[PDB]
Amino acid sequence: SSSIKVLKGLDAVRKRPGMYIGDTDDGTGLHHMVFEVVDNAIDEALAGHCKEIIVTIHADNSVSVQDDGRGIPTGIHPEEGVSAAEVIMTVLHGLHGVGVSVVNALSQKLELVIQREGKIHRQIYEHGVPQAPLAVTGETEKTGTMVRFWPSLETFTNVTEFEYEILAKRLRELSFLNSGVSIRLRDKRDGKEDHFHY
Ligand SMILES: CNc1cc(F)cc2cc(C(=O)Nc3ccc(C(=O)O)cc3)c(=O)[nH]c12
């Protein structure tokens, strides 16, 4: 029932993305993809477990968000028989707080790395669909969640390149609204970076 329902959700967002992420031509939906993911990292900081969030603009016009929180739980849900991470990355829930599955749905590719309980876990998605169940790839002393997404050029036209200043404005805004949380923005394309703390 869950697999069928998840795919209905991804299909729903694919066909009517204006209802979930916003305008797909003018760049406002493309940048909102970043802010949805960052918002999830801010929830983990507001729970008191994350101190630093790193937002990177990569050269291939993908964006990663890294937190040093406790990592998305990896335990296979007894209920629907897949990692809790995959439930969070794929299940749907106005045009704010839309859930990370929307970003996943409208991403050509999405990379999940979780560090938790001594192990690194990795998963790949294409258009919201897991390539393989979450899997252990190594060990670590660290904790946190890293999400990197390549926006679908099926979904996004005209403004397809992330603009530093637009991410910079909102991240500085988010650090003002959530005192304590530290945010790094880094552009791999030209080396630019900022640090937002209030
Ligand atoms: C870049 N970071 C990031 C991106 C994203 F798209 C989703 C998330 C989701 C969580 C979360 O559910 N954290 C969480 C939930 C439950 C527990 C627990 O029960 O121990 C811990 C952490 C997170 O901590 N970080 C995220």
# chains A, B, ... in the order shown; residues from 1 in each chain; ligands from 1
>>> select_by_dssp(residues="chain A", states="alpha helix (DSSP H)", output="JSON, numbers by chain")
{"A": [2, 3, 4, 5, 6, 7, 8, 9, 10, 11, 12, 13, 14, 15, 28, 29, 30, 31, 32, 33, 34, 35, 36, 37, 38, 39, 40, 41, 42, 43, 44, 45, 46, 84, 85, 86, 87, 88, 89, 90, 100, 101, 102, 103, 104, 105, 164, 165, 166, 167, 168, 169, 170, 171, 172, 173, 174, 175, 176, 177]}
>>> closest_atom_pairs(of="segment 22-67 of chain A", to="segment 155-160 of chain A", cutoff="12 Å", atoms="only C-alpha atoms", output="JSON lines")
{"residue": "A:22", "atom": "CA", "partner": "A:156", "partner_atom": "CA", "distance": 10.6}
{"residue": "A:23", "atom": "CA", "partner": "A:156", "partner_atom": "CA", "distance": 8.8}
{"residue": "A:24", "atom": "CA", "partner": "A:156", "partner_atom": "CA", "distance": 5.0}
{"residue": "A:25", "atom": "CA", "partner": "A:157", "partner_atom": "CA", "distance": 5.1}
{"residue": "A:26", "atom": "CA", "partner": "A:159", "partner_atom": "CA", "distance": 5.8}
{"residue": "A:27", "atom": "CA", "partner": "A:159", "partner_atom": "CA", "distance": 4.9}
{"residue": "A:28", "atom": "CA", "partner": "A:159", "partner_atom": "CA", "distance": 8.8}
{"residue": "A:29", "atom": "CA", "partner": "A:156", "partner_atom": "CA", "distance": 8.1}
{"residue": "A:30", "atom": "CA", "partner": "A:156", "partner_atom": "CA", "distance": 6.8}
{"residue": "A:31", "atom": "CA", "partner": "A:160", "partner_atom": "CA", "distance": 9.5}
{"residue": "A:32", "atom": "CA", "partner": "A:156", "partner_atom": "CA", "distance": 11.9}
{"residue": "A:33", "atom": "CA", "partner": "A:156", "partner_atom": "CA", "distance": 10.9}
{"residue": "A:60", "atom": "CA", "partner": "A:160", "partner_atom": "CA", "distance": 11.1}
{"residue": "A:61", "atom": "CA", "partner": "A:160", "partner_atom": "CA", "distance": 8.2}
{"residue": "A:62", "atom": "CA", "partner": "A:160", "partner_atom": "CA", "distance": 10.3}
>>> write_last_selection(atoms="N, CA and C atoms", output="PDB file, in the first residue's frame")
ATOM      1  N   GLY A  22       6.635  25.981  -6.056  1.00  0.00           N
ATOM      2  CA  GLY A  22       6.432  27.325  -6.636  1.00  0.00           C
ATOM      3  C   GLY A  22       6.796  27.375  -8.109  1.00  0.00           C
ATOM      4  N   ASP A  23       7.112  28.568  -8.619  1.00  0.00           N
ATOM      5  CA  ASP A  23       7.282  28.857 -10.070  1.00  0.00           C
ATOM      6  C   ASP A  23       8.565  28.200 -10.590  1.00  0.00           C
ATOM      7  N   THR A  24       8.476  27.488 -11.711  1.00  0.00           N
ATOM      8  CA  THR A  24       9.550  26.605 -12.246  1.00  0.00           C
ATOM      9  C   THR A  24      10.339  27.299 -13.366  1.00  0.00           C
ATOM     10  N   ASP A  25      10.050  28.568 -13.662  1.00  0.00           N
ATOM     11  CA  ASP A  25      10.722  29.323 -14.758  1.00  0.00           C
ATOM     12  C   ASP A  25      11.614  30.427 -14.178  1.00  0.00           C
ATOM     13  N   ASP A  26      11.187  31.066 -13.079  1.00  0.00           N
ATOM     14  CA  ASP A  26      11.718  32.392 -12.655  1.00  0.00           C
ATOM     15  C   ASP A  26      12.807  32.192 -11.590  1.00  0.00           C
ATOM     16  N   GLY A  27      13.077  30.957 -11.174  1.00  0.00           N
ATOM     17  CA  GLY A  27      14.165  30.665 -10.225  1.00  0.00           C
ATOM     18  C   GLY A  27      13.693  30.597  -8.791  1.00  0.00           C
ATOM     19  N   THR A  28      12.480  31.080  -8.473  1.00  0.00           N
ATOM     20  CA  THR A  28      11.940  31.118  -7.077  1.00  0.00           C
ATOM     21  C   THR A  28      11.699  29.669  -6.596  1.00  0.00           C
ATOM     22  N   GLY A  29      11.204  28.779  -7.451  1.00  0.00           N
ATOM     23  CA  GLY A  29      11.063  27.346  -7.106  1.00  0.00           C
ATOM     24  C   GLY A  29      12.406  26.644  -6.966  1.00  0.00           C
ATOM     25  N   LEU A  30      13.359  26.922  -7.860  1.00  0.00           N
ATOM     26  CA  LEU A  30      14.715  26.308  -7.853  1.00  0.00           C
ATOM     27  C   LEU A  30      15.417  26.613  -6.522  1.00  0.00           C
ATOM     28  N   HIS A  31      15.342  27.846  -6.017  1.00  0.00           N
ATOM     29  CA  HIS A  31      16.069  28.260  -4.786  1.00  0.00           C
ATOM     30  C   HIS A  31      15.327  27.692  -3.581  1.00  0.00           C
ATOM     31  N   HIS A  32      13.997  27.617  -3.657  1.00  0.00           N
ATOM     32  CA  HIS A  32      13.118  27.052  -2.604  1.00  0.00           C
ATOM     33  C   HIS A  32      13.523  25.603  -2.335  1.00  0.00           C
ATOM     34  N   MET A  33      14.009  24.871  -3.349  1.00  0.00           N
ATOM     35  CA  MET A  33      14.521  23.479  -3.205  1.00  0.00           C
ATOM     36  C   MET A  33      15.592  23.447  -2.095  1.00  0.00           C
ATOM     37  N   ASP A  60      28.786  21.584 -10.579  1.00  0.00           N
ATOM     38  CA  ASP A  60      27.836  20.900 -11.499  1.00  0.00           C
ATOM     39  C   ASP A  60      26.416  21.413 -11.276  1.00  0.00           C
ATOM     40  N   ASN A  61      26.279  22.533 -10.570  1.00  0.00           N
ATOM     41  CA  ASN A  61      25.004  23.187 -10.176  1.00  0.00           C
ATOM     42  C   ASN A  61      24.095  22.212  -9.419  1.00  0.00           C
ATOM     43  N   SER A  62      24.689  21.452  -8.512  1.00  0.00           N
ATOM     44  CA  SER A  62      23.978  20.764  -7.408  1.00  0.00           C
ATOM     45  C   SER A  62      24.268  21.497  -6.098  1.00  0.00           C
TER      46      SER A  62
END
>>> residues_around(residues="residue 165 of chain A", least_positions_apart="4", cutoff="12 Å", atoms="only C-alpha atoms", output="ChimeraX atom specification")
/A:31,57,169-172,185-187,192-194
>>> closest_atom_pairs(of="segment 158-189 of chain A", to="segment 63-71 of chain A", cutoff="12 Å", atoms="only C-alpha atoms", output="Markdown table")
| residue | atom | partner | partner_atom | distance |
| --- | --- | --- | --- | --- |
| A:161 | CA | A:63 | CA | 10.5 |
| A:162 | CA | A:63 | CA | 8.4 |
| A:163 | CA | A:63 | CA | 11.2 |
| A:164 | CA | A:63 | CA | 11.1 |
| A:167 | CA | A:63 | CA | 10.5 |
| A:171 | CA | A:65 | CA | 11.7 |
| A:181 | CA | A:67 | CA | 10.6 |
| A:182 | CA | A:67 | CA | 10.2 |
| A:183 | CA | A:67 | CA | 9.6 |
| A:184 | CA | A:66 | CA | 9.7 |
| A:185 | CA | A:65 | CA | 9.4 |
| A:186 | CA | A:63 | CA | 10.0 |
| A:187 | CA | A:63 | CA | 9.5 |
| A:188 | CA | A:63 | CA | 10.1 |
| A:189 | CA | A:63 | CA | 11.7 |
>>> write_last_selection(atoms="N, CA and C atoms", output="short mmCIF file (atom, residue, chain, number, x, y, z; two decimals), in the first residue's frame")
data_model
loop_
_atom_site.label_atom_id
_atom_site.label_comp_id
_atom_site.auth_asym_id
_atom_site.auth_seq_id
_atom_site.Cartn_x
_atom_site.Cartn_y
_atom_site.Cartn_z
N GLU A 161 20.58 27.92 -12.84
CA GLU A 161 21.84 28.07 -12.08
C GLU A 161 21.53 28.78 -10.76
N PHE A 162 21.88 28.16 -9.63
CA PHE A 162 21.79 28.76 -8.27
C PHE A 162 22.62 30.04 -8.21
N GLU A 163 22.03 31.09 -7.62
CA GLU A 163 22.65 32.42 -7.40
C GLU A 163 23.01 32.55 -5.92
N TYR A 164 24.30 32.78 -5.67
CA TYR A 164 24.92 32.94 -4.33
C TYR A 164 24.11 33.93 -3.49
N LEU A 167 20.65 32.66 -2.11
CA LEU A 167 20.91 31.73 -0.98
C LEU A 167 21.44 32.52 0.22
N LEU A 171 19.64 32.54 3.98
CA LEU A 171 20.42 31.84 5.03
C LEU A 171 20.73 32.84 6.14
N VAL A 181 22.04 28.96 15.84
CA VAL A 181 22.39 28.14 14.64
C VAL A 181 23.42 28.91 13.81
N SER A 182 24.51 28.22 13.45
CA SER A 182 25.62 28.72 12.61
C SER A 182 25.47 28.14 11.20
N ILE A 183 25.55 29.00 10.19
CA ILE A 183 25.37 28.58 8.78
C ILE A 183 26.54 29.06 7.95
N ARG A 184 27.14 28.09 7.27
CA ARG A 184 28.18 28.31 6.27
C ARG A 184 27.56 28.13 4.89
N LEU A 185 27.87 29.06 4.01
CA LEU A 185 27.56 28.99 2.58
C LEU A 185 28.90 29.06 1.86
N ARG A 186 29.13 28.14 0.93
CA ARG A 186 30.39 28.08 0.14
C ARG A 186 30.03 27.81 -1.32
N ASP A 187 30.63 28.58 -2.23
CA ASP A 187 30.43 28.43 -3.69
C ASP A 187 31.70 27.79 -4.24
N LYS A 188 31.62 26.52 -4.65
CA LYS A 188 32.77 25.76 -5.19
C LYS A 188 33.18 26.36 -6.54
N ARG A 189 32.31 27.15 -7.17
CA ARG A 189 32.51 27.68 -8.54
C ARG A 189 33.57 28.80 -8.54
#
>>> residues_around(residues="segment 83-86 of chain A", least_positions_apart="5", cutoff="9 Å", atoms="only C-alpha atoms", output="number ranges by chain")
A: 72-77, 91, 112, 114, 123, 130, 133-134
>>> write_last_selection(atoms="N, CA, C and O atoms", output="short mmCIF file (atom, residue, chain, number, x, y, z; two decimals), in the first residue's frame")
data_model
loop_
_atom_site.label_atom_id
_atom_site.label_comp_id
_atom_site.auth_asym_id
_atom_site.auth_seq_id
_atom_site.Cartn_x
_atom_site.Cartn_y
_atom_site.Cartn_z
N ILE A 72 19.59 11.00 10.55
CA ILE A 72 18.20 10.47 10.35
C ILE A 72 18.22 9.02 10.80
O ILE A 72 19.12 8.30 10.38
N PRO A 73 17.27 8.55 11.65
CA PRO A 73 17.25 7.16 12.10
C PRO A 73 17.23 6.23 10.88
O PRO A 73 16.55 6.53 9.95
N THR A 74 18.00 5.14 10.95
CA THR A 74 18.25 4.21 9.82
C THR A 74 17.51 2.88 10.05
O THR A 74 17.38 2.10 9.07
N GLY A 75 17.09 2.62 11.30
CA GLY A 75 16.32 1.43 11.69
C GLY A 75 15.17 1.20 10.73
O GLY A 75 14.37 2.13 10.52
N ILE A 76 15.10 0.01 10.13
CA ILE A 76 13.99 -0.36 9.22
C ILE A 76 12.70 -0.29 10.03
O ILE A 76 12.61 -1.01 11.04
N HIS A 77 11.77 0.58 9.63
CA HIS A 77 10.41 0.67 10.21
C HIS A 77 9.80 -0.73 10.23
O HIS A 77 9.65 -1.36 9.19
N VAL A 91 7.97 10.13 1.63
CA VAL A 91 6.53 10.34 1.99
C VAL A 91 6.23 11.86 2.07
O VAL A 91 6.98 12.61 2.74
N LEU A 112 21.94 10.86 -0.22
CA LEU A 112 21.77 10.90 1.25
C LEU A 112 22.98 10.23 1.90
O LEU A 112 23.18 9.03 1.62
N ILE A 114 24.20 9.57 5.91
CA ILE A 114 23.90 9.61 7.37
C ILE A 114 25.10 9.01 8.12
O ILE A 114 25.50 7.89 7.79
N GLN A 123 22.60 6.31 0.28
CA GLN A 123 21.44 5.99 -0.59
C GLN A 123 21.43 6.98 -1.74
O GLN A 123 21.79 8.16 -1.56
N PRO A 130 14.33 5.49 -4.73
CA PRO A 130 15.59 4.95 -4.22
C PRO A 130 16.18 3.94 -5.20
O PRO A 130 15.52 3.02 -5.56
N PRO A 133 17.99 0.14 -1.16
CA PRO A 133 17.74 0.44 0.25
C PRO A 133 18.98 1.12 0.84
O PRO A 133 20.08 0.91 0.34
N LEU A 134 18.77 1.97 1.85
CA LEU A 134 19.88 2.57 2.63
C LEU A 134 20.87 1.46 3.01
O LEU A 134 20.39 0.38 3.46
#
>>> atom_distance(atom1="atom CA of residue 58 of chain A", atom2="atom 12 (O, counted along the ligand's line) of ligand 1")
23.8 Å
>>> closest_residue(among="A:92, A:195, A:37, A:16", to="residue 146 of chain A", atoms="only C-alpha atoms")
A:37
>>> closest_residue(among="A:9, A:180, A:118, A:151", to="residue 49 of chain A", atoms="only C-alpha atoms")
A:180
>>> closest_residue(among="A:3, A:48, A:55, A:198", to="residue 82 of chain A", atoms="only C-alpha atoms")
A:3
>>> closest_residue(among="A:153, A:50, A:120, A:105", to="ligand 1", atoms="only C-alpha atoms and all ligand atoms")
A:50
>>> select_by_dssp(residues="segment 3-194 of chain A", states="strand (DSSP E)", output="ChimeraX atom specification")
/A:52-57,63-67,107-116,119-126,129-130,135-139,144-151,182-187,193-194
>>> atom_distance(atom1="atom CA of residue 127 of chain A", atom2="atom CA of residue 108 of chain A")
5.0 Å
>>> residues_around(residues="residue 137 of chain A", least_positions_apart="5", cutoff="9 Å", atoms="only C-alpha atoms", output="list in words")
residues 119, 120, 121 and 122 of chain A
>>> residues_around(residues="residue 6 of chain A", least_positions_apart="2", cutoff="12 Å", atoms="only C-alpha atoms", output="list in words")
residues 1, 2, 3, 4, 8, 9, 10, 11, 12, 13, 80, 86, 87, 88, 89, 90, 91, 92, 93, 101, 102, 104, 105, 128, 129 and 130 of chain A
